[PDB]
Amino acid sequence: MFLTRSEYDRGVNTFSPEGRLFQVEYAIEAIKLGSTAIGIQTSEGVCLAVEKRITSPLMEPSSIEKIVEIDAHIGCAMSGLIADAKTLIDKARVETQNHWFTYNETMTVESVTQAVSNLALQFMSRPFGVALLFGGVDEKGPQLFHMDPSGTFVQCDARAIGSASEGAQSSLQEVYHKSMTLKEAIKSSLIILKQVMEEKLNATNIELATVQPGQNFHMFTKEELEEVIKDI
Amino acid sequence: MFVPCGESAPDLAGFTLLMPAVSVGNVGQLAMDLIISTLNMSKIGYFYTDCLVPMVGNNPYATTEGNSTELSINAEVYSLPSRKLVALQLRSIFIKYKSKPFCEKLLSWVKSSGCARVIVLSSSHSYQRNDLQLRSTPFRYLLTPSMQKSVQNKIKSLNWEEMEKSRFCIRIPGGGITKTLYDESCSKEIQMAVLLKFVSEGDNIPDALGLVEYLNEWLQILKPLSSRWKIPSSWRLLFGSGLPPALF
Amino acid sequence: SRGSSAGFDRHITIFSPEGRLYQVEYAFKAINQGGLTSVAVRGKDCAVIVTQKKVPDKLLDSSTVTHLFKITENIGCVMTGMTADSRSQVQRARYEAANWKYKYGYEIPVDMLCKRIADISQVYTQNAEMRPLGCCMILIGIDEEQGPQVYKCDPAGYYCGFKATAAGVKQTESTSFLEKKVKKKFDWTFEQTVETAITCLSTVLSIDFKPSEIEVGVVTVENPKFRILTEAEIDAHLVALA
Amino acid sequence: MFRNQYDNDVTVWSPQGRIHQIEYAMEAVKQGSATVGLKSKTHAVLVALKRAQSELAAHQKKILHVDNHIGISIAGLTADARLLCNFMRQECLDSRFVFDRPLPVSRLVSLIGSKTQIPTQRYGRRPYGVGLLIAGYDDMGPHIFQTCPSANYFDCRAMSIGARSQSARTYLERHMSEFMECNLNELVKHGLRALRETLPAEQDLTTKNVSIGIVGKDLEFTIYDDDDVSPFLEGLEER
Amino acid sequence: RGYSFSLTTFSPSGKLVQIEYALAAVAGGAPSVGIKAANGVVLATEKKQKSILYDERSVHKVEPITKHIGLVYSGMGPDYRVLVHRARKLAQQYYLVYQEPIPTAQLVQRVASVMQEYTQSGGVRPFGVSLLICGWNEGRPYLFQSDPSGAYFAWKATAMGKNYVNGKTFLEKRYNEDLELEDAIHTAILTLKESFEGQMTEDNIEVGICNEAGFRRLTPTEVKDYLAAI
Amino acid sequence: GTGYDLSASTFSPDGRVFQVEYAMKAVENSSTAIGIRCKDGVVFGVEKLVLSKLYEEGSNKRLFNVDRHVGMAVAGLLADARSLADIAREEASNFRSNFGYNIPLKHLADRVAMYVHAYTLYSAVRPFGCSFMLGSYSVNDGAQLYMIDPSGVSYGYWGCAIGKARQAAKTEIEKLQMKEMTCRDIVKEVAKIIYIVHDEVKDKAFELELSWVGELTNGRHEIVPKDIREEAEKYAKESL
Amino acid sequence: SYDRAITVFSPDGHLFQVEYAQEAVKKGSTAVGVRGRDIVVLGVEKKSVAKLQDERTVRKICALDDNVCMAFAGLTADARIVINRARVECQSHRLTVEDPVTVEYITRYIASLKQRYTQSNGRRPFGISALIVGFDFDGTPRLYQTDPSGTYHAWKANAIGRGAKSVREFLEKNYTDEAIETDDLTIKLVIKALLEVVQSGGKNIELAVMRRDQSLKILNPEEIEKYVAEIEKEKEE
Amino acid sequence: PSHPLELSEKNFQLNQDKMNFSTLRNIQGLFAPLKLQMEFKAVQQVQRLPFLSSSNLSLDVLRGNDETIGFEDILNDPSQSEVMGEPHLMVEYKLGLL
Amino acid sequence: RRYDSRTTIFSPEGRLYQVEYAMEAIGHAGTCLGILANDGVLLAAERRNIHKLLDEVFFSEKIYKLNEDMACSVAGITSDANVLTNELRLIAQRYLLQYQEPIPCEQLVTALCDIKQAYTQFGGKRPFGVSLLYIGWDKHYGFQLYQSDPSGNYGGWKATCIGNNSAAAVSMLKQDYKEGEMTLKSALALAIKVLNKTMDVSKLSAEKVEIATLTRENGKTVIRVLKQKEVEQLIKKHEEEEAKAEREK
């Protein structure tokens, strides 16, 4: 009857006595150090909102590093290690371009989603440290997807990722309904980000984009954001 | 410090001290269990510190249905006044930066209560052996210069072999607090003897069964060899639970 | 893959302070795991190999228990050590002999086969993935211009040619007996060589043999093909000896 | 205490002749929701329970589509389930293209087991941590199969896997003598009743946390969920 | 002690211990000597098979590489065999390319380059042998030595194997530059006899010589005649 | 063998490989299977435990069918046994394709044994954890019976037993004059031995699996008819 | 623990070896970069100027192309490989597309190359950080920074190496729209920023200046001394 | 391509290995080619970095080319190559990263 | 220590202990010296293979010729030095074939240092324990002198030393070196003085020192190794000058 030491969390291919992958769990915990992102899917579009978290006034805020365009109808969002998403973004772009060139029609979001998932499930010898929020519209309609460092995608309707995700998810649960409007979705995203963020809300601390069946992928500019902020 | 189980501390007027060291394979702890179980010692107090990880459990030495429900902790003291023997058992592992204060406190208690000598059972790593040691006996001993001459003469008669020195300093890899205890005893003029064995981790019951006989060659607390030791009731499931079905 | 193990005697590619390879030395003690002893003696115009047969269970089919093998139509073998390792090495020797014949147009000699096997065995002691085989090989044959041949190779990759050798548990006693006999005389007929081998085994093991406890294989200048003796012939030799 | 040295790799035997990593992997099946599968003389039914979670943030799929006559349910890791489903789909497609005919379920399961056995022996890999229930229909009648992380498969009349499936298994064993002589509706009712036993007393089955898969004589594999399960749930008793 | 097991690990003082242990393995082999005379080189060694049960024309420790090159070793025989084969192949390749017999120095450099590779990669083990190489080029003799680490030196006379420090001490005071071949053979046999630990016979030592006519291994009759002469 | 028993490419100081020993010890974690050859053929018997009432009758069979004339009985880890059965089927098919006639049992046993032994030399793999027996009958060769163990060793047998209680089973087998009996007389003895060996305290309930290959099936391996199995079970139960 | 392998996650989501690779950067010489209105200025501290040393071979400012230059801090041998790879990639991209390369493009290439070496246990990351500065085709000055982990950002003024904290604190309050009016003012600002952590006068300063439609120019010690004297006179006044 | 012998000369060791493996599998069984391939891989996994010339001693011993000279050994010495790439690029190419 | 088992691990403070140990291994080798003058470059080394039974072949034991314009000297492990020198010769010949013009010295040094650096980044390899000194002439910068480290670092010097007592030799050279007004004779005298004060021998002898010189004559570069007579004359001149200086006190 003695107490001894045992370790099961130093390998990516090791099972604990209760059947857990502690390296993957730690990789998932690693995305709690990133900035907060919010994505809401409506009947006429998807809105993606992130915060920039400018550490120093000398840093140039005009840089775009959190929202990326995959194609004319697909957006993206990121949280965690931004340097880890470059390969996934490149593969998604290559796959969608090749499919469009070959078939002469745009692929659905699910196809590029599965193509991305087929690359993340190769542990590079370690799991990724980033979380994605794919958004877009297709013949079926607007739809939203979420990914974890585990390498698998799921479909959702209102998801928040980042450090302050629990309160944002609680607010999204106590707000929101099935038949709503894109403008009020954008507004509610602004309010929720305003409570979540520690500092005040300006035209440069955040950036958001949207995709709708009418136009192509569109990213809001400073002039457009100011009217929405003033609308609050 | 020593906290008595009752109201007054017993008179340990220079009996002996038998203690283990938390080393590779837990050989010292297993040997201590064997000795305590065989001699049928009785608990007399506690050694309460803040250097070991806490743990609790029921009585590890149970023979009847009335003594099997006694709570135990990670540091306890057993005594046999007839033979003038005292035993200490450690059932846990040390916290970081907490070994030297523990050794200092233990040696201060040993000096304060008043004991003839201290005997430590330990072990060392087996893969750090040179060519000459690979073909020799795996048992070694060590004595403080303050030790009595009669003990030295007896050990010389026993034809034992002493631990080798390295450039000169004493090094015992995988020995835990053995080197610290030896150095402090040398610096504080305390009679202490150390016995160890080269082992590897795995099933280490035979190593303890050999170490107890090695000690008995000198102390002779039992009839000389020409079973003898009582296995405690807590040595039941040393590999885990049972076999799941639908596999073999 | 796994990685090497720390210690002076726990990996194959680690030297000791005296420059010894304890993992190679431990493979020489696996030869004694079986508990049998082999004896090979070379005569004036013949070569003989004698080994020990032990069938403890009565439910075994004794026809399937053997340690004498046929590598080529003119080369015989006897193996001492681990059974599966011995069989695998026999298969490898057959493959190497076939390759030699295909490449060079004539049959391989005994010394060349032993050298090739030893060369293969040497590689296993320098790489951190393979392990040596716990067995030793003894080969006999007839050379068209030199006569009978007796060769032996070790798990370390060392081979040599002898006039009489032994392997197994009682190798040292067999070696001393053979040294005395060879010092006394070395020119023997066919009947004297087999009697010498049988007497060596009997004297060393302190046992009286039955025709079902030993195996005998011979080659001869007159009949170069490898042959395995039968129980009747073994009993005839034992009766003549006694 | 003596197991610490023999339970870190899958290619190491213990002094007791056991491999502990395989058992640890088998322990990962019981971290998913319960699933129940059963078959009749003409039909095979799969019933799954969706995790108690807000539907806004996740829409998990526990029943998947492999072919026109094969469907599976999963419990355990998700990446392994996706890999296995891709392998089965590719095998079925290749079989059809080469020799156009339905692929036998027994041969598919044999291929799955042969594929799964290898990582339990090679170094540098780990066993799959997912358990599958397979319902199919070929020219032998309906079939129900179960797969294990230990590369073993079984032929079952009715099986339940997942977390706290002992009660479901007990119910299935108690009511197993009246499954062949039933129609689709009664079989689905029996499956739902069996699945209901893995819940506390107060809760009940609603049209928000149940999925159904059916295959039979001339009916291809179909998945019912959301409001498609109301006709099956509208005839149940209280408890 | 933590740096004594790995081959690709430097000690804090900047030392490689496994190469030292390979050299220790070399230092525990059978003795061998080599003396460069005014018109030839002589190599001598002590046999391992000191028994009557040994076939004389089966395995030899003194081997030829080309008509004018031969070598002897001290250490592990299995490691020596493969190096001998590689040296023979390299000499044949050089002759094929340049239509001229290879000089001794080039062969020594190539063999040392082959030996050096096994001391810088993980998962392998250094060779446990040291070689003595003799040759005759451009009307003058040569004598080289090669360590397990891949370093080579040129000697006038040297000894290696068991008890080689005292052998070198003997050679230092018993060596003369303007020395003939027969006296060189006598000196080599005496140096070998210094630490034989037994009684020498023409059947437990091997001798080879190199001169204008080329490398050649001596027969037991000549060895017996020399032993009787001294 | 502490400190020398983590890889299959390591020797102990006394010259032993302990990973192979642990693999061979793993075979005793499963039930017992026996096989006896007689004047006419070979008969197999397995003590199969009951796991649950929800399984079908023909699930988890431990008596395989390698080819038209070869039958197999396994014990130990089941996935390894299935892999080895697939290997044996591949070998038999290859030999039949190449040479044009049925492979002898000795050559098949040698091939499978060498394949098993190939896994005990490297540190990138682990030894197999199962044992099995092969049996066949031919007019020009007679009955044959072999065993292969995780070490990679094969032998011919007159009576064999593998599994948990492989010692009491051998003791019971050693009391039969099996060289003068027929298959119909050996089926009952096999059932009786299986019933005697089984322990009903640690275990709960077991079934009986039986098969033979011999003259009465024209050298074809198949399951015992139900009536004969029932009669043998009745005789075995009455013997107790 | 959790820091003896490159690809092991801490229980709270940290890769400690990649963080240790930045302690090497935090021990190099200070480098400062400032983006002006129509000029870009670089500056590197010179440390341990040996008497018998040749200064031509120990320069820490390099020219990647006709309009891109870079400065680094960290291990000296690791920077050479990255510089050569970037130099080759610039010409490769010029072959691919006729137009001259972009500062952001070359920064992304360098970042991807640095990130490639943090994926396996068989190789170690690059212990350097860089300040990439240059001009675009239209004529807009740019400034970027790269980390050993593979992340990059856009700045208006930054510092790396030891003393970066104090230099950045000085720059945050001394960088306005008036101090960047002229090239002389920008150079004076860079020298003032360097002088906070550099002792022994202005003899330990290396400066580089790039203008529109011109090549990289390295200022002379006499010019540096003249600027230092002007700054001292203005401060005294 | 340019010559009938170019493709044949480029792929000779592969074809010889395939023929030996097929013959060995047909004669003995599945185990022998498996063991041969594992030994080949094990002895080939250790060597110098790709921008320096190796010797391949153990691989040559295993294959049996330690007593044979061909035209690949006397023509166009690979050790004295006239062109060589950058070290890091060669190492990355060998790993498949490029 | 838990951060010094391989070359692919960083310490918490950002250090490479294996590379540091490899650099420490250089201190056991012999002394090598190099001096730059107005009309030539110098290289002086210390002989370590001194023994009565050693033979004298080749032209030198520590100085090698790389091409018609360059030469080098090594200190460290001879087996690695051989590989490095062979690679240097191959690189020089490759550049000559490519461009029909001799390779510049800095280009050659950088080419070798890239190889030396590549062995400290990929695991499973042991870095080279060798340091080198290079001398040469080219049309771009004239006479030059470089140094290299086991880690892959190089630099250009006017006078430097590697090996035993390197710090003392560097201090003496720094104290007593004049910049811009040095000739070959003064450089040789300074080298003799530094070697005498560096080597732990009471009396310097000409059989344990080797000197090489590089210079330009009639549009050609001349590399020669000095003779024992010249070395003895230099040593005698230094000794008599020291005696004169001591006496004039």
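Here chain F follows Swiss-Prot, giving residues 5-244 in order.
Technique stated in the header: electron microscopy, 2.7 Å.
Each residue, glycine too, has its Cβ placed from N, Cα and C.
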> Here are some residues: F:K57, F:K110, F:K208. Which is flagged as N6-acetyllysine in Swiss-Prot?
Replying inline: F:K57
>> Among F:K179, F:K230, F:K238, which is the one flagged in Swiss-Prot as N6-acetyllysine?
In response: F:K230
>> Which residue does Swiss-Prot record as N6-acetyllysine, given the choices F:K65, F:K206?
In response: F:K206
>> Counting across all protein chains present, how many other Cβ atoms fall within 10 Å of the Cβ of F:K206 (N6-acetyllysine)?
In response: 7
> Which entry in the list of modified residues, F:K57, F:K230, has its Cβ near the fewest other Cβ atoms, using 10 Å as the limit?
Replying inline: F:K230
>> When DSSP is mapped onto helix/strand/coil, what comes out for F:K230 (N6-acetyllysine)?
In response: helix
> Roughly how many Å separate the Cα of F:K230 (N6-acetyllysine) from that of F:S243 (phosphoserine), to the nearest whole number?
Replying inline: 20
> In whole Å, how far is F:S243 (phosphoserine) from F:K206 (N6-acetyllysine) when you measure between their Cα atoms?
Replying inline: 22
> By a simple count, how many Cβ atoms lie within 10 Å of the Cβ of F:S243 (phosphoserine), its own Cβ left out?
Replying inline: 12
>> Can you tell me the CA-to-CA distance separating F:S243 (phosphoserine) and F:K57 (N6-acetyllysine), as a whole number of Å?
In response: 28
> For chain D, which of the modified residues F:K206, F:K230, F:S243 fall under 8 Å by Cβ?
Replying inline: none
